[PDB]
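Below: one protein chain in two forms, given as structure tokens, structure 1 then structure 2.
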Structure 1
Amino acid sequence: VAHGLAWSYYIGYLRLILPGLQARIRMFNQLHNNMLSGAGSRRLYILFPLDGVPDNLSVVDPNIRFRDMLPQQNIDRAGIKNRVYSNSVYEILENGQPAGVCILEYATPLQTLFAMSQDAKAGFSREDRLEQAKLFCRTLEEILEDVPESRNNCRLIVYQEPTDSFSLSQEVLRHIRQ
């Protein structure tokens, strides 16, 4: 199931959104004294926690600080027709210092995976959901690897949360640094 879900995420969102990302950064930077930086901050980072319903990003971590919206993106495929999309820019702290600035969001298909799992008749366990989550990521990673213009503009950030000291900020930083 998660195979077609990763494809619809790519086809139905990442394809529409990536190509104009850089231009929107350029603006953002004109208007915020070059807050985005070089290379690290030139990507759309998609968060995919493994372990449903992660904390929303404004509250998840005191070291992940919202700054501002990029300028909106207008789309006009023969969709759909006219659509407006938003993306959000976050300051990422390490040791009390601004260590990174980036565009960051959760993968919407989490919501579908969760909703699937919660359905009364055909819902399924946490373990079965994790198996699907892993399959979504593996499949999305493959798609992106095959598409250099897409891959140069975004990175899937996949992580597991221990219920048992987890900092999402340190995870994002490690990716941003790689």
Structure 2
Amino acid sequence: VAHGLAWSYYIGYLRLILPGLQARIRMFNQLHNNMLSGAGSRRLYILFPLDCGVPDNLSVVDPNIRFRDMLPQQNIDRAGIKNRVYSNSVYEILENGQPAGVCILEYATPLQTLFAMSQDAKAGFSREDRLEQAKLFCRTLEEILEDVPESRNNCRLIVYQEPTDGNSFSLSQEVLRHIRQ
């Protein structure tokens, strides 16, 4: 279920990462010349492509999203793993070749799991079903996060769908728009 994946993304990740995020940003700024200085820059921006096309490297889908650095790692004992490592990446977003914004950015990994699952021989299901699962994942997550008062200021969910009708969509522009709000 998208249900289970949403509960998993909360319980196994956001729940653990959001409370410590700002301390990790303060440290990043101390080490990297106050690079994450704007208020728009102190959130985790999470990409939810409802089509579930999720590359591992962001430059594969948009040339204007450039890797810059990692936040300090977070270590937590988890399910018998001592110091399980939780990591996040800081990117610089270009506009017309100009550094236009800096933020912590990533995809919601479970959507990449739905993609792979939907295509497998036995596990598979239709694209229309995957779309509905992806939408349900976002909806179920948004429901969970209403009991998480901190989430509002530590993360931003960017949900979108790629056009297929000849209309242009720039992922970089969209991320910039959120950073700037």
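What we label the rigid core is the largest C-alpha set whose atoms superpose within 1.5 Å from one form to the other. Residue numbering: structure 1 sequence, from 1.
After superposition on the rigid core, the Cα of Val60 moves by 2 Å or more between structure 1 and structure 2. When the rigid core is fitted, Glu145 shows a C-alpha shift of 2.9 Å between structure 1 and structure 2. The Cα position of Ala23 changes by 0.7 Å between structure 1 and structure 2 once both are aligned on the rigid core. Fit the two forms on the rigid core and the C-alpha of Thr108 turns out 1.2 Å off between structure 1 and structure 2.
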